Amino acid sequence: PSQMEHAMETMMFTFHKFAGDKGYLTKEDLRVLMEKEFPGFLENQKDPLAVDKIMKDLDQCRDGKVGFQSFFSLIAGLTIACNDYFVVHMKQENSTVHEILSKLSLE
Amino acid sequence: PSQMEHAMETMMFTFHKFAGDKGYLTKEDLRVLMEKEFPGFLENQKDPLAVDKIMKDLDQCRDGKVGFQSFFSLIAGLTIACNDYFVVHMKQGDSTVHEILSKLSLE
Amino acid sequence: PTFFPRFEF
Amino acid sequence: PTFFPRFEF
């Protein structure tokens, strides 16, 4: 079982953790997901409506429901942002990721 | 030090760890990446030149270089495929992702 | 905006 | 083929 395989299971599991049997996420589920998995990210997002704006920009998501693919769309967004930053403003990682996420805001 | 956060770090780290200083993955880097990070997958890939096929598809693979973004494509491809299979065919105990990647083959 | 590959089975 | 959001800073 790879580090990579584990990363993938984590992604799947996290989604399901929060979605529950119904199989998608609403704003509420998503909100709490982020609060727990991306701590501080939303607070430091200098915004009250932040999570709402996010949904709108997710892959396919204008009916309150978020699929795994929509969700993964979010990961892609964050991760890439992290990397583009990491690539620029540093070169070390033996969290750093936690530190970068704090600097990021949406468009 | 969150858990999604670790997962993202793993992802970033792995790309960079195999890519090395040049910043990208060649078909060789990628083959070994997959040899270590998706152990049984490529072996059980019943086409013996699956890596070639996968490399040939990768979004920006045309200079033979593989961006992080491209690399992420691959993760999305696998994860989402895993998830779809998971939800239809099963719906914790680790070693499942590992077992799903086994049944997975390219288009 | 990214395009991924499709794995079946 | 998957659209994703763009985070800056």
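Positions of Cβ are backbone-derived with ideal geometry, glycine not excepted, and every protein chain shown enters the neighbour counts. Here, each number is a calculation from the coordinates, and none is a lab measurement.
Given 10 Å bins starting at zero, what is the percent of C-alpha pairs of the range B:7-59 in each, up to the one with the largest pair distance?
In order of increasing distance, the bins hold 24, 52, 24, 1 percent.
Hull surface divided by four, with the convex hull built on the Cα atoms of chain A: how many nm²?
On the way: hull surface 29.9 nm².
Averaged projected area of chain A's Cα convex hull equals 7.5 nm².
What distance in nm lies between label points placed 7 Å from Cα along the C-beta direction at A:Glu107 and B:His89?
Reported label-point gap for A:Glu107 and B:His89 is 3.8 nm.
Using only the alpha carbons of the protein assembly as shown, determine the length spanned along each of the three principal axes and report them from longest to shortest in whole angstroms.
Computed over the protein assembly as shown, the largest-to-smallest principal extents equal 52, 42, 29 Å.
Could you give the size of the charge dipole of the protein assembly as shown about its Cα centre, using +1 on the Cβ of each K and R and -1 on the Cβ of each D and E, expressed in debye and rounded to the nearest 20? Before the final figure, lay out each step's value.
Values: 26 positive and 36 negative charges, 58 e Å.
With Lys and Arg at +1 and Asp and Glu at -1, about 280 debye.
In nanometres, what is the gap between the two model label sites at A:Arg62 and B:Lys27, each 7 Å from Cα along Cα-to-Cβ?
4.2 nm
Need the C-alpha centroid separation for the range A:42-107 versus the range B:8-45, integer Å.
So the separation of the two Cα centres works out to 23 Å.
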